[PDB]
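So here's one chain in two forms, each on its own in structure tokens, numbered structure 1 and structure 2.
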Structure 1
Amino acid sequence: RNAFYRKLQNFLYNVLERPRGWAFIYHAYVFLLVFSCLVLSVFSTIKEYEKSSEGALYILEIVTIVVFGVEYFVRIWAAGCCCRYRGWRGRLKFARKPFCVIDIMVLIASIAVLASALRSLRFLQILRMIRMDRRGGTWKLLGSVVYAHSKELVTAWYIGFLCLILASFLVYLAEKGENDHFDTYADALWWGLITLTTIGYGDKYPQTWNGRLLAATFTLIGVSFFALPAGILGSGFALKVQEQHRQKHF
């Protein structure tokens, strides 16, 4: 009973908090809730499919406030499951943390939402997605790998930037008179930035033997430069996972 009380409350604290194998499905269903809320709002903006989504958004929005408020109250009530928190001093200081402050704030503000309307709704819908990473796991991992590869990321971005400036200047001089697309150094930088990242919208391209002959050399070099950090961080991630797996192997 009361023994089941303590064991239950602890279990609740662990599912709501760090889950290992089974509570993750629960979190996945809450995430699918907020996700469909986001997609339905995106649908609800365009006035051709407006009336066919408002009512659904009302019901699902309230269901979001329901489940999040219930989660939060359990986040507080089930705080004394670890050694630290208990009574009112440990719980009080716990809510003083940054996450629980910002959480309770946004919860009340959401009630104000159901109380700059659609725009602020877009804002809150963005914010609820950040809730899905409580412990800051993704951010912490990304920052780790980026830091260890600081010098190589910087050489990739620095030399890529030099190549963008030089290529855009040269193609500017080559086609300024002949081509309408290039008229300012602003447009030559736009083309160069949207060509070395391999997007290539297609609205500005060299149209001169001088322009095409210059872009032909600088694409082969620059495109690789601007695609380096995707590869450096990719192989950084993969190597780190291999090392961690080895240490599991001991």
Structure 2
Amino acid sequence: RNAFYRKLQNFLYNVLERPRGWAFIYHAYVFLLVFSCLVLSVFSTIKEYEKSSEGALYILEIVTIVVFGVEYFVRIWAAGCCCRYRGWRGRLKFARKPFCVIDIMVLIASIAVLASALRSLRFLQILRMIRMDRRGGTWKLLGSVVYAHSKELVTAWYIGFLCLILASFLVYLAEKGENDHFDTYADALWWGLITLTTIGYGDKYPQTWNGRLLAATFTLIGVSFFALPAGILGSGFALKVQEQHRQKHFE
């Protein structure tokens, strides 16, 4: 009962901790439970189905509190696999990690809330989602690629920003008298910011052929400068994965 003790310790703190193979199954399904619990929290908002959803939602709240209670327990046990955290002092200190203690705090809030309250449960659910990280890996990856392309990006942010201010001002001048949409500069900026991202709600549009004519030039330019940073970062991620691909195919 030692090699089984020690084996299951290894593979469990493989799955619970940094997971490799089929542990992504478990990490996806725990994501599903926290996620669907957040969704039913949204169904609580509709007063026409508030009572029905609330019925099922306390129940799924039951299961979610039980799931993460046991997950907290099980990880603390299978954390014996750490060669630095072993037996007494390890497992008595491992729950002292930063993420772990905030995690137990979020979990205990989950515990009491079942023992104005819904604000608390919506937020703790969100921290389950953000609890997905435990490392900030996503933030690290995004920061790296944003850093590598700082000159190209800042080129796009500067030139796009200028096109916004310019086009908004011109349209404001041409359509300040004959239109009620463009009453003050702040309205012309809302209009510029909402066309250049190609959202185009339709609540403010120019209606004199001068406004149409000036928007039509800075539009053709600006809408393509607001769409660069998505294009630049998209290519950056793909290129970076190709390089990590080959580098890893060797080492």
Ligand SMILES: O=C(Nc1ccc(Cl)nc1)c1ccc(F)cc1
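By rigid core we mean the largest C-alpha set that fits within 1.5 Å across both forms. Residue positions are counted from 1 along structure 1's sequence.
Between the two displayed forms of this chain, it is structure 2 that matches the form solved without this ligand. Compared between the two structures on the core, the listed residues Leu170, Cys163, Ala95, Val145 keep their C-alpha shifts below 2 Å, save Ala95. Relative to the superposed rigid core, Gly55 shifts its CA by 2.0 Å between the two structures.
Core fit done between the two structures; CA of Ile25 shifted by 0.4 Å.
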